[PDB]
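Undergrad: Input: one structure, supplied below.
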Amino acid sequence: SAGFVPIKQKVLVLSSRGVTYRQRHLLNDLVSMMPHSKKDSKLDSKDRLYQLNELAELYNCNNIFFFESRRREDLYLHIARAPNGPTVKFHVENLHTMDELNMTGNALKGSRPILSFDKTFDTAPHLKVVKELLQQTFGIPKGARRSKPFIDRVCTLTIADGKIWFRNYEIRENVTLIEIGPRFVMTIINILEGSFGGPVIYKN
Amino acid sequence: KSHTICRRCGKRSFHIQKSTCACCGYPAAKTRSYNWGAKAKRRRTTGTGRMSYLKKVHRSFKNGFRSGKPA
Amino acid sequence: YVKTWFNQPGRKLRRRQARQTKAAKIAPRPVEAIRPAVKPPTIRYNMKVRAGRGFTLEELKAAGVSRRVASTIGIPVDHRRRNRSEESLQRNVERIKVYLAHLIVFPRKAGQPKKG
Amino acid sequence: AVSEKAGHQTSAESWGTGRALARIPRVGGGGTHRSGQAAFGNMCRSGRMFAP
Amino acid sequence: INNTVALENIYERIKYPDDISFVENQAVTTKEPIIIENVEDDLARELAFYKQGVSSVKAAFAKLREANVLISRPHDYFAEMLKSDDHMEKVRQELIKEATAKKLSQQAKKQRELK
Amino acid sequence: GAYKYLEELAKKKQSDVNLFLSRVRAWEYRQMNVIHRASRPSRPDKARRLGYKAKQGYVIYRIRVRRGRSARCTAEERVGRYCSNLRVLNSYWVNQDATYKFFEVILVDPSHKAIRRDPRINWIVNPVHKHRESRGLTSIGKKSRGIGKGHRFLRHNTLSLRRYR
Amino acid sequence: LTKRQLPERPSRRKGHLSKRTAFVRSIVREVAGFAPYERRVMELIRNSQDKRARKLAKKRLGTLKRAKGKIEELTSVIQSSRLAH
Amino acid sequence: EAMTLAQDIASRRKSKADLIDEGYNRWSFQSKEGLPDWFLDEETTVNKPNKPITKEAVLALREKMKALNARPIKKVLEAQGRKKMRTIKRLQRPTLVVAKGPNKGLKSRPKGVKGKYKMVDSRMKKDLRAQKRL
Amino acid sequence: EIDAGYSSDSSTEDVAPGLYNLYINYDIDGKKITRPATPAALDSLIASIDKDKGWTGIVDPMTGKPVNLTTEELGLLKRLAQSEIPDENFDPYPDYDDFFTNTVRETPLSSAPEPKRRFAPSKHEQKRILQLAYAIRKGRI
Amino acid sequence: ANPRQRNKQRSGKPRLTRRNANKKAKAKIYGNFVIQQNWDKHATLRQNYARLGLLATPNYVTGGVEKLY
Amino acid sequence: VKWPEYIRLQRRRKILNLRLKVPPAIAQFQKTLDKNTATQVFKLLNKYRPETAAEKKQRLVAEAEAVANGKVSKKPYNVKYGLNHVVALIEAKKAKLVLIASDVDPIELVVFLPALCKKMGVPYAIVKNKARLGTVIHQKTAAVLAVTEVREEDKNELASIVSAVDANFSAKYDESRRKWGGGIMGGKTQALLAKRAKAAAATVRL
RNA sequence: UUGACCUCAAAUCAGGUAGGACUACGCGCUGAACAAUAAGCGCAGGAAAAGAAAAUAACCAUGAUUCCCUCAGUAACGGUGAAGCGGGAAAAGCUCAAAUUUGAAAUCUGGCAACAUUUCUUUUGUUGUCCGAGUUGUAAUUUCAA
RNA sequence: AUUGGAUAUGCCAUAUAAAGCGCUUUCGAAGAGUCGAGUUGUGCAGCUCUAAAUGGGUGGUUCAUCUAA
Ligand SMILES: [Zn+2]
């Protein structure tokens with residue numbers, strides 16, 4: 001059929017050829033972070049990205065994640081709504097992995113987090129759309145497989161000089177939060193009105 | 001005795017039990033050569049003998065390896 | 001491992017002899033072929049003009065030379081290079097056309113049987 | 001220049017400490033006038049010159 | 001080009017209903033618009049981020065308290081975690097070395113005055 | 001020409017025809033020796049395009065090498081040693097099973113007059129082509145050592161001191 | 001400068017499908033038969049399990065475009081056979 | 001090999017539907033129905049696909065192969081005892097020389113010296129005192 | 001849209017049993033699942049002393065009891081381990097399917113025009129005839 | 001120095017000496033007869049080509065040419 | 001009895017090709033043209049043998065003498081041979097009758113020819129041995145022969161041979177060539193295999 | 001019965017060829033302790049290897065390989081460490097597979113026989129003839145620059 | 001003496017031949033257990049799976065360039 005036990009949100013994750021060791025570290029850290037994401041092999045075409053809708057329909061995932069490495073020194077992340085929907089391209093800088101010595105946060109894999117967005121996400125329209133889209137993606141829907149029922153971590157999204165800061169924290173009993181480890185500086189580049197297509201509706 | 005005369009290199013290094021010379025490696029077809037033995041090579045290399053044919057080739061090259069008889 | 005240049009004078013004279021040995025073989029003709037004029041591929045160097053490898057198949061055809069006799073009279077051919085602008089084409093056509101006007105081509109000996 | 005392998009061609013190692021002889025390497029083997037003679041040194045006869 | 005009308009239409013089309021319970025969404029928007037002007041001073045922004053997270057955690061806990069959802073994780077929970085247990089041993093060793101370095105520095109400082 | 005049909009027929013290596021023949025020939029090649037003479041190539045299409053002409057002086061030798069260095073490179077080196085009076089021109093893949101990979105090696109006799117008088121294979125009679133397989137100069141030997149044009153594929157540690165420095 | 005439009009080089013003509021190569025490939029495709037995974041894929045397409053067929057072909061070949069080309073090739077075999085069967 | 005496969009079906013790690021699809025390969029279509037013994041015997045010896053092997057199946061097979069009387073009271077006590085007593089029977093189973101007079105300028109083991117030994121020449125005393133001061 | 005559902009055969013699913021501590025701890029919504037009582041020592045000894053057919057020795061996380069493959073599962077394992085078609089009724093030997101050659105092509109495959117070689121006396125023979133003519137007049141033949 | 005080299009140092013057979021080491025000799029001209037007659041062996045090829053009215057290279061020269069006057 | 005290794009290989013390959021399941025494209029070569037029609041085929045083919053190497057040189061030197069003294073002919077008619085030449089003739093739709101050898105050693109050289117011949121509309125037949133075809137063309141072997149043109153005398157003869165091949169090879173078999181070949185077993189082989197199969201299926205499943 | 005072919009053997013069968021040495025430079029493989037290193041193994045030449053773009057670049061574009069200078073201790077990677085451009089040395093381009101010669105296997109090795117030829121009675125061919133190789137494909141033609 | 005590439009000249013030449021350029025109301029084949037995907041080792045190799053035909057490779061912001069086995 002179209003779907004058995006339809007979970008509200010599912011994610012599809014891909015990586016392009018020529019990704020770096022740290023970039024592959026971040027991608028592996030993410031797929032562990034959201035358990036409702038289906039990993040997929042490399043995409044051979046760094047240019048014909050519009051096929052991702054067909055991949056999304058195949059795997060029944062409505063949220064597309066693509067980690068494109070350019071020149072083996074730039075990291076970009078395309079996040080889109082699989083059926084029609086917006087497509088937002090981000091640029092990644094100042095990466096941080098799980099294996100870093102400084103970051104000692106420890107969370108349960110699949111535990112449903114709490115999303116805390118900076119109020120600046122409600123100022124501009126494109127920021128409103130991005131906040132809502134990121135909410136529907138990072139927020140693990142109820143009944144997701146391999147997910148944990150307990151609440152243990154909080155993911156924080158903040159806007160600083162037009163740059164999104166994403167920080168995950170582990171709540172300790174008493175908040176006394178501890179940085180989990182995923183720390184990277186985000187940069188919105190452009191937004192497409194369609195799934196990897198359509199006219200550009202926002203430009204940096 | 002533990003060594004006898006090797007027929008190939010004429011040295012009393014042919015092991016009786018293993019039937020193998022310790023100097024050249026007889027009866028192996030290839031001679032025993034080891035680059036860590038730099039002095040070992042210069043003791044038995046080319047030129048340490050008559051070198052009768054090589055001297056003939058060296059002498060015959062200048063005229064173009066010709067044959068026949070003069071006028 | 002240290003590389004030394006004590007044979008730098010020895011190398012310079014050996015090449016001058018090699019040029020002299022070429023001229024002994026082929027005396028009425030230059031010891032170098034005629035290279036075209038091209039513009040280097042960068043924003044730093046595109047103002048300059050240096051010598052390329054050979055004349056494109058369109059530069060030969062426009063000048064009047066065919067790609068078969070070009071090598072015979074000493075004109076190198078570059079099948080890879082192409083003419084993206086009329087400036088490069090007209091520049092190298094005149095380089096060949098000057099060459100053809102300054103060239104003396106000695107006739108060969110043609111075999112011809114008794115009948116046709 | 002001197003030969004790069006001049007003075008290195010012998011097979012000498014220090015005879016050890018505590019034998020009432022200078023610890024300069026001495027050529028091993030036996031049965032010749034050379035065995036027991038010190039080598040591998042600027043001060044030694046038939047030894048490498050200092051800073052070739 | 002930054003079409004607010006188009007963005008608003010897309011936002012309305014993909015808007016999550018407000019009637020959705022906080023349990024289903026688990027997304028909290030801070031009422032206080034926390035602003036960190038000192039972008040260069042990351043230490044100052046860290047306190048602001050912690051305060052925003054603490055406020056969000058308190059709001060979520062109060063909202064989820066009426067939902068009868070176990071916020072606390074029992075000590076008997078031994079499921080698979082995001083951070084590998086093998087990696088935790090290396091993390092503990094690194095923290096132990098850093099703690100020992102601070103202890104040695106304090107001991108040396110006390111020894112300097114003692115001598 | 002039939003060589004087009006053979007080329008496109010050898011592309012589908014698990015179809016009904018190509019799977020039936022693969023097993024039948026694999027058992028047959030196992031009955032014979034590890035390195036045995038092949039009277040004619042089993043793939044006339046592939047040998048043809050690798051340099052083989054059906055004239056005197058061209059030799060085909062079939063060899064199987066255990067799976068689990070490149071197997072093709074091993075095939076040429078073992079055959080070239082076995083037939084030491086010939087030159088290893090090229091080689092190709094013919095069959096395989098769970099234990100063995102079967103190859104056919106095209107060799108050329110450099111003392112044959114049909115080879116020494118052929119202007120298109122004269123190049124192999126010169127002594128610089130002695131044991132191309134041994135020096136990594138064959139098609140698979142070139143690949144195994146990264147020889148190629150592009151970015152994918154002693155000047156470093158030497159100190160070059162000029163006269164006037 | 002005055003831009004010149006250039007002709008097409010013969011090396012850029014490569015990839016063009018010929019009438020004889022199309023005929024040869026279709027003749028050989030029928031004669032040879034189908035690979036074990038192709039036989040399974042055609043069963044799934046006949047049983048209308050299109051989603052399972054595409055996932056299988058992508059798993060076998062290793063790329064979605066290769067899978068999409070193979071599924072189109074095999075489904076054209078199915079319809080052409082069903083027209084003649 | 002079968003145990004690694006049997007573990008995968010039961011443990012649900014590998015989906016049953018995917019296992020069935022993975023069973024349509026180059027080797028399953030090489031049918032063995034009716035072939036002669038002289039052909040099959042070499043085919044199994046040679047043309048046998050080598051599937052991957054997991055340590056868990058190795059342990060499980062060892063558990064199956066563990067007979068009821070594999071390790072009874074005697075084979076766990078006297079068999080342990082014979083090894084222990086064997087090991088017990090296996091278990092029960094420097095001189096200062098001064099470089100002077102005839103000992104001066106030696107290169108190997110000197111006369112009338114056996115076992116571990118050390119050589120002293122009274123010149124290393126200066127180095128010894130310096131080392132002590134270090 | 002696509003409903004963001006789950007197919008019945010998706011490679012990701014709940015419950016990942018492992019080699020036979022008991023993982024009877026919790027469930028969804030954070031409620032403690034009752035731990036099933038340990039089986040009778042007599043029954044456990046019987047199972048340990050006599051392995052059931054297809055004894056995998058794998059325990060699901062929910063219950064401490066082992067999981068054993070059923071008759072059909074043993075049948076599929078037998079087919080898979082012996083390398084045969086895992087479907088009992090699926091003809092691996094279908095009839096010949098002439099989906100392309102069942103219709104006759106009315107035109108020649110190539111469109112290249114005929115050369116004049118084929119309508120005039122051959123040049124290779126004429127070349128050899130001239131060569132043989134030269135040999136005759138020179139007395140060689 | 002070598003055992004091969006000391007072999008002929010002590011040998012009585014004279015060395016295979018060939019006296020071909022005449023530097024500063026510029027190759028004589030075959031090919032064209034007219035060039036050979038008007039070519040003088042002291043001058044370089046660049047000086048001979050210029051004197052005869054020919055071009056040694058149709059390209060630029062990668063150095064400073066000579067200036068005698 | 002101890003057979004040599006190559007004799008054992010020969011006979012095992014004969015039996016192995018029988019017990020296995022031969023694909024329809026390879027099993028159609030097991031069913032060749034009948035003995036009577038093959039005789040009539042080769043009667044026509046032996047009126048169009050290519051002229052011998054001696055007979056060709058004999059003709060050429062005859063014309064060479066004429067020009068050597070002082071000095072227009074007809075198009076030669078014969079049988080067409082050579083795999084690439086014949087395949088090119090079939091695709092050109094010029095061949096009137098294609099005769100495929102039944103034992104070409106790498107079988108895929110001719111495995112597509114029955115399909116290619118049926119695709120292009122060419123009457124074809126599979127005849128016994130590569131040596132009979134070779135004998136016609138003065139060779140040791142011909143993987144395939146073909147007839148494109150015959151003299152007006154033999155136009156009626158070829159039309160009879162083509163009809164006989166159509167009636168005795170194409171109208172016949174036909175469904176028999178669409179079936180997988182092989183699996184043939186001896187008189188006592190199934191009984192022995194049935195005992196082996198039931199014994200194996202009992203408890204020898206490991 | 002007689003004979004075609006396929007495969008496989010045999011011969012102190014006719015004529016050939018391989019091995020070992022040297023190993024400075026060259027090309028592969030293998031490889032440590034402290035370095036695409038030493039040692040070990042395989043294989044050549046007077047040079048070897050590389051080589052006529054599945055190459056760069058983002059320009060007004062360049063145009064096989066090799067080497068030199070430079071780029072440059074630069075970018076990148078985290079101390080290591082390039083390459084494109086640029087200046088120069090030398091320059092040279094090409095051969096196949098995939099096409100029906102089909103109005104003609106036009107191709108080739110060997111034997112025998114004459115005839116020449118020679119660094120040479122020592123070398124190298126030619127012409128004739130016969131047996132063979134070859135249609136499961138040897139020549140001419142074409143190689144994308146077309 | 002022994003040779004090299006030219007020049008002059010004699011004899012022979014199988015030209016019913018061969019080629020360049022230019023024109024097209026006619027055609028134009030292009031290398032597979034290879035590329036690639038997955039994984040394990042040190043671009044390369046093993047293992048498992050295994051292709052395409054304006055296709056495929058490599059770059060860059062649709063474009064450029066190239067045409068492997
Ligand atoms: Zn010896």
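Just remember, in the structure tokens the first chain shown is A, the second B, etc., residues are 1-based per chain, and ligands are 1-based in the order shown.
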Would you mind writing down, as a VMD selection string, each residue of stretch 21-101 of chain C that DSSP on the backbone assigns to helix (DSSP H, G or I)?
TA: chain C and resid 21 to 25 57 to 63 69 to 72 86 to 101
Undergrad: Can you tell me which residues surround residue L:41 at a distance of at most 12 Å, considering only C-alpha atoms (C1' of nucleotides), apart from same-chain residues fewer than 6 positions away, and format the answer as a ChimeraX atom specification?
TA: /B:34 /F:134 /L:28-31
Undergrad: Suppose we keep N, CA, C and O atoms (P, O5', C5', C4', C3', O3' and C1' of nucleotides); can you now write the selection as a PDB file, in the first residue's frame?
TA:
ATOM      1  N   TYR B  34      74.582 -10.469  -2.402  1.00  0.00           N
ATOM      2  CA  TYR B  34      73.917  -9.735  -1.333  1.00  0.00           C
ATOM      3  C   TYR B  34      74.509  -8.338  -1.253  1.00  0.00           C
ATOM      4  O   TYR B  34      75.713  -8.186  -1.031  1.00  0.00           O
TER       5      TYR B  34
ATOM      6  N   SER F 134      56.600  -8.253 -16.683  1.00  0.00           N
ATOM      7  CA  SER F 134      57.393  -8.244 -15.461  1.00  0.00           C
ATOM      8  C   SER F 134      57.678  -6.831 -14.971  1.00  0.00           C
ATOM      9  O   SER F 134      57.898  -6.626 -13.772  1.00  0.00           O
TER      10      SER F 134
ATOM     11  P     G L  28      57.410   2.089 -11.937  1.00  0.00           P
ATOM     12  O5'   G L  28      56.684   0.676 -11.997  1.00  0.00           O
ATOM     13  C5'   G L  28      56.484  -0.086 -10.820  1.00  0.00           C
ATOM     14  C4'   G L  28      56.452  -1.562 -11.115  1.00  0.00           C
ATOM     15  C3'   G L  28      56.251  -2.454  -9.904  1.00  0.00           C
ATOM     16  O3'   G L  28      54.897  -2.548  -9.505  1.00  0.00           O
ATOM     17  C1'   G L  28      58.078  -3.254 -11.135  1.00  0.00           C
ATOM     18  P     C L  29      54.450  -1.955  -8.083  1.00  0.00           P
ATOM     19  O5'   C L  29      54.632  -3.188  -7.096  1.00  0.00           O
ATOM     20  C5'   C L  29      54.120  -4.463  -7.448  1.00  0.00           C
ATOM     21  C4'   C L  29      54.909  -5.581  -6.816  1.00  0.00           C
ATOM     22  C3'   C L  29      55.033  -5.548  -5.303  1.00  0.00           C
ATOM     23  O3'   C L  29      53.868  -5.999  -4.637  1.00  0.00           O
ATOM     24  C1'   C L  29      57.130  -6.066  -6.263  1.00  0.00           C
ATOM     25  P     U L  30      53.407  -5.308  -3.262  1.00  0.00           P
ATOM     26  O5'   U L  30      54.514  -5.757  -2.209  1.00  0.00           O
ATOM     27  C5'   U L  30      54.699  -7.127  -1.885  1.00  0.00           C
ATOM     28  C4'   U L  30      55.995  -7.353  -1.146  1.00  0.00           C
ATOM     29  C3'   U L  30      56.179  -6.564   0.138  1.00  0.00           C
ATOM     30  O3'   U L  30      55.502  -7.132   1.244  1.00  0.00           O
ATOM     31  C1'   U L  30      58.140  -6.409  -1.163  1.00  0.00           C
ATOM     32  P     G L  31      54.825  -6.184   2.349  1.00  0.00           P
ATOM     33  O5'   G L  31      56.064  -5.501   3.079  1.00  0.00           O
ATOM     34  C5'   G L  31      56.988  -6.284   3.818  1.00  0.00           C
ATOM     35  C4'   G L  31      58.210  -5.492   4.201  1.00  0.00           C
ATOM     36  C3'   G L  31      57.959  -4.195   4.951  1.00  0.00           C
ATOM     37  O3'   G L  31      57.669  -4.380   6.324  1.00  0.00           O
ATOM     38  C1'   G L  31      59.507  -3.797   3.228  1.00  0.00           C
TER      39        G L  31
END
Undergrad: Residues of chain G near chain M: apply a cut-off of 8 Å, count only C-alpha atoms (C1' of nucleotides), and supply the list as a tab-separated table (two decimals) with N, CA, C and O atoms, in the first residue's frame.
TA:
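The resulting file, iface-v4.tsv, is reproduced below:
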chain	number	residue	atom	x	y	z
G	11	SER	N	34.52	14.06	-31.67
G	11	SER	CA	34.61	13.37	-30.39
G	11	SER	C	33.41	13.66	-29.49
G	11	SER	O	33.11	12.86	-28.61
G	12	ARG	N	32.73	14.79	-29.70
G	12	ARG	CA	31.53	15.11	-28.94
G	12	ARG	C	30.29	14.42	-29.49
G	12	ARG	O	29.24	14.46	-28.85
G	13	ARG	N	30.39	13.80	-30.67
G	13	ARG	CA	29.31	12.99	-31.21
G	13	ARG	C	29.18	11.64	-30.50
G	13	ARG	O	28.16	10.97	-30.66
G	14	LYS	N	30.18	11.26	-29.70
G	14	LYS	CA	30.14	9.98	-29.02
G	14	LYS	C	29.00	9.94	-28.02
G	14	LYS	O	28.71	10.93	-27.34
G	15	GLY	N	28.36	8.78	-27.92
G	15	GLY	CA	27.14	8.62	-27.15
G	15	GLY	C	25.88	8.61	-27.98
G	15	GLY	O	24.83	8.20	-27.47
G	16	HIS	N	25.95	9.03	-29.23
G	16	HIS	CA	24.80	8.98	-30.12
G	16	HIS	C	24.45	7.53	-30.44
G	16	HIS	O	25.33	6.74	-30.79
G	17	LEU	N	23.17	7.19	-30.32
G	17	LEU	CA	22.73	5.82	-30.54
G	17	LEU	C	22.48	5.59	-32.02
G	17	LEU	O	21.71	6.32	-32.65
G	60	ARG	N	20.80	-3.75	-6.41
G	60	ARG	CA	21.68	-4.56	-7.25
G	60	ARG	C	22.68	-3.70	-8.01
G	60	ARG	O	23.88	-3.99	-8.02
G	61	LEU	N	22.21	-2.63	-8.65
G	61	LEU	CA	23.06	-1.85	-9.54
G	61	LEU	C	23.91	-0.83	-8.78
G	61	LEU	O	25.06	-0.59	-9.14
G	62	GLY	N	23.35	-0.22	-7.73
G	62	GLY	CA	24.09	0.72	-6.91
G	62	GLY	C	23.84	2.18	-7.18
G	62	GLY	O	24.53	3.03	-6.60
G	63	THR	N	22.87	2.52	-8.03
G	63	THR	CA	22.58	3.92	-8.34
G	63	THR	C	21.14	4.02	-8.82
G	63	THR	O	20.66	3.14	-9.54
G	66	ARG	N	20.75	4.20	-12.67
G	66	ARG	CA	20.92	2.87	-13.25
G	66	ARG	C	19.69	2.01	-12.99
G	66	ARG	O	19.26	1.26	-13.87
Undergrad: What is the atom CA of residue A:137-atom CA of residue A:10 distance in Å, reported with one decimal?
TA: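 If I compute the distance from atom CA of residue A:137 to atom CA of residue A:10, I get 7.9 Å.
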Undergrad: Enumerate as a ChimeraX atom specification the residues belonging to chain M that approach chain C to within 10 Å, with only C-alpha atoms (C1' of nucleotides) taken into account.
TA: /M:5,12-13,15,17,20-21
Undergrad: What residues of the protein or nucleic acid chains come within 8 Å of ligand 1 when you use only C-alpha atoms (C1' of nucleotides) and all ligand atoms? Reply as a VMD selection string.
TA: chain B and resid 5 to 14 20 to 26
Undergrad: Print the selection's residues with N, CA and C atoms to a file, as a PDB file, in the first residue's frame.
TA:
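Here's the written file selection_11.pdb:
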ATOM      1  N   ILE B   5      85.180 -28.689  -1.008  1.00  0.00           N
ATOM      2  CA  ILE B   5      85.408 -27.802  -2.140  1.00  0.00           C
ATOM      3  C   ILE B   5      84.154 -27.735  -2.999  1.00  0.00           C
ATOM      4  N   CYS B   6      83.697 -26.517  -3.278  1.00  0.00           N
ATOM      5  CA  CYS B   6      82.605 -26.309  -4.217  1.00  0.00           C
ATOM      6  C   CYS B   6      83.136 -26.385  -5.642  1.00  0.00           C
ATOM      7  N   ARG B   7      82.449 -27.149  -6.493  1.00  0.00           N
ATOM      8  CA  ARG B   7      82.912 -27.308  -7.867  1.00  0.00           C
ATOM      9  C   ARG B   7      82.806 -26.009  -8.656  1.00  0.00           C
ATOM     10  N   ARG B   8      81.807 -25.176  -8.357  1.00  0.00           N
ATOM     11  CA  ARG B   8      81.594 -23.964  -9.142  1.00  0.00           C
ATOM     12  C   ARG B   8      82.659 -22.914  -8.847  1.00  0.00           C
ATOM     13  N   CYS B   9      82.745 -22.469  -7.597  1.00  0.00           N
ATOM     14  CA  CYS B   9      83.631 -21.375  -7.225  1.00  0.00           C
ATOM     15  C   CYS B   9      84.962 -21.838  -6.643  1.00  0.00           C
ATOM     16  N   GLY B  10      85.188 -23.144  -6.533  1.00  0.00           N
ATOM     17  CA  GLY B  10      86.469 -23.656  -6.083  1.00  0.00           C
ATOM     18  C   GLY B  10      86.858 -23.309  -4.667  1.00  0.00           C
ATOM     19  N   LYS B  11      85.924 -22.847  -3.847  1.00  0.00           N
ATOM     20  CA  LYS B  11      86.200 -22.526  -2.457  1.00  0.00           C
ATOM     21  C   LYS B  11      85.705 -23.648  -1.556  1.00  0.00           C
ATOM     22  N   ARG B  12      86.431 -23.873  -0.461  1.00  0.00           N
ATOM     23  CA  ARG B  12      86.080 -24.921   0.496  1.00  0.00           C
ATOM     24  C   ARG B  12      84.910 -24.468   1.372  1.00  0.00           C
ATOM     25  N   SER B  13      83.794 -24.163   0.705  1.00  0.00           N
ATOM     26  CA  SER B  13      82.594 -23.688   1.379  1.00  0.00           C
ATOM     27  C   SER B  13      81.363 -24.518   1.039  1.00  0.00           C
ATOM     28  N   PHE B  14      81.531 -25.650   0.360  1.00  0.00           N
ATOM     29  CA  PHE B  14      80.408 -26.518   0.020  1.00  0.00           C
ATOM     30  C   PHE B  14      80.028 -27.328   1.251  1.00  0.00           C
ATOM     31  N   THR B  20      75.196 -27.503  -0.285  1.00  0.00           N
ATOM     32  CA  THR B  20      75.066 -26.149  -0.806  1.00  0.00           C
ATOM     33  C   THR B  20      76.290 -25.344  -0.404  1.00  0.00           C
ATOM     34  N   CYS B  21      76.866 -24.631  -1.367  1.00  0.00           N
ATOM     35  CA  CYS B  21      78.004 -23.769  -1.092  1.00  0.00           C
ATOM     36  C   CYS B  21      77.547 -22.493  -0.401  1.00  0.00           C
ATOM     37  N   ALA B  22      78.325 -22.054   0.585  1.00  0.00           N
ATOM     38  CA  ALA B  22      78.020 -20.834   1.317  1.00  0.00           C
ATOM     39  C   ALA B  22      78.568 -19.584   0.646  1.00  0.00           C
ATOM     40  N   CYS B  23      79.409 -19.733  -0.376  1.00  0.00           N
ATOM     41  CA  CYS B  23      80.002 -18.595  -1.065  1.00  0.00           C
ATOM     42  C   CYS B  23      79.179 -18.169  -2.275  1.00  0.00           C
ATOM     43  N   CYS B  24      78.880 -19.111  -3.171  1.00  0.00           N
ATOM     44  CA  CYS B  24      78.200 -18.809  -4.420  1.00  0.00           C
ATOM     45  C   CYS B  24      76.765 -19.306  -4.480  1.00  0.00           C
ATOM     46  N   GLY B  25      76.404 -20.309  -3.690  1.00  0.00           N
ATOM     47  CA  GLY B  25      75.065 -20.853  -3.711  1.00  0.00           C
ATOM     48  C   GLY B  25      74.880 -22.094  -4.552  1.00  0.00           C
ATOM     49  N   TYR B  26      75.961 -22.687  -5.048  1.00  0.00           N
ATOM     50  CA  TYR B  26      75.864 -23.915  -5.823  1.00  0.00           C
ATOM     51  C   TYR B  26      75.152 -24.980  -4.993  1.00  0.00           C
TER      52      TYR B  26
END
Undergrad: Dump as JSON, numbers by chain the residues of chain L that approach chain B to within 10 Å, counting only C-alpha atoms (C1' of nucleotides).
TA: {"L": [19, 20, 21, 22, 38, 39, 40, 119, 120, 121, 122]}
Undergrad: For those residues, write C-alpha atoms (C1' of nucleotides) to a file as a PDB file, in the first residue's frame.
TA:
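This is the output file again09.pdb:
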ATOM      1  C1'   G L  19      67.890 -19.339 -18.676  1.00  0.00           C
ATOM      2  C1'   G L  20      73.337 -17.023 -16.217  1.00  0.00           C
ATOM      3  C1'   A L  21      76.594 -12.484 -15.422  1.00  0.00           C
ATOM      4  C1'   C L  22      76.720  -6.944 -14.827  1.00  0.00           C
ATOM      5  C1'   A L  38      67.941   0.043   3.549  1.00  0.00           C
ATOM      6  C1'   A L  39      67.760  -5.068   2.899  1.00  0.00           C
ATOM      7  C1'   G L  40      65.251  -9.189  -0.068  1.00  0.00           C
ATOM      8  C1'   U L 119      81.154  -4.795 -42.704  1.00  0.00           C
ATOM      9  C1'   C L 120      80.705 -10.825 -44.225  1.00  0.00           C
ATOM     10  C1'   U L 121      81.915 -17.389 -48.714  1.00  0.00           C
ATOM     11  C1'   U L 122      79.822 -15.407 -42.148  1.00  0.00           C
TER      12        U L 122
END
Undergrad: Among stretch 24-81 of chain C, which residues does DSSP mark as strand (DSSP E or B) when it is run on the backbone? Keep the chain and numbering as in the structure and answer as an MDAnalysis selection string.
TA: chainID C and resid 37:38 50:51 55 77
Undergrad: Using only C-alpha atoms (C1' of nucleotides), determine which residues lie at most 12 Å from residue I:139, disregarding the query and same-chain residues fewer than 5 positions distant; provide the list as a ChimeraX atom specification.
TA: /I:132-134 /K:65,68 /L:127-128
Undergrad: Output as a PyMOL selection string the set of chain K residues within 6 Å of chain F, with distances taken over only C-alpha atoms.
TA: chain K and resi 84+87-88+106
Undergrad: What's the 10 Å shell around residue H:50, counting only C-alpha atoms (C1' of nucleotides), without same-chain residues fewer than 3 positions away, as a ChimeraX atom specification?
TA: /F:98-99 /H:1,47,53 /M:47
Undergrad: Just want the 8 Å neighbourhood of residue M:27, counted on only C-alpha atoms (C1' of nucleotides), with same-chain residues fewer than 6 positions away dropped. Output as number ranges by chain.
TA: I: 111-113
Undergrad: Hey, what's within 12 Å of residue L:81 if we count only C-alpha atoms (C1' of nucleotides) and toss same-chain stuff fewer than 4 positions away? As an MDAnalysis selection string, please?
TA: (chainID F and resid 156:157) or (chainID L and resid 72:77)
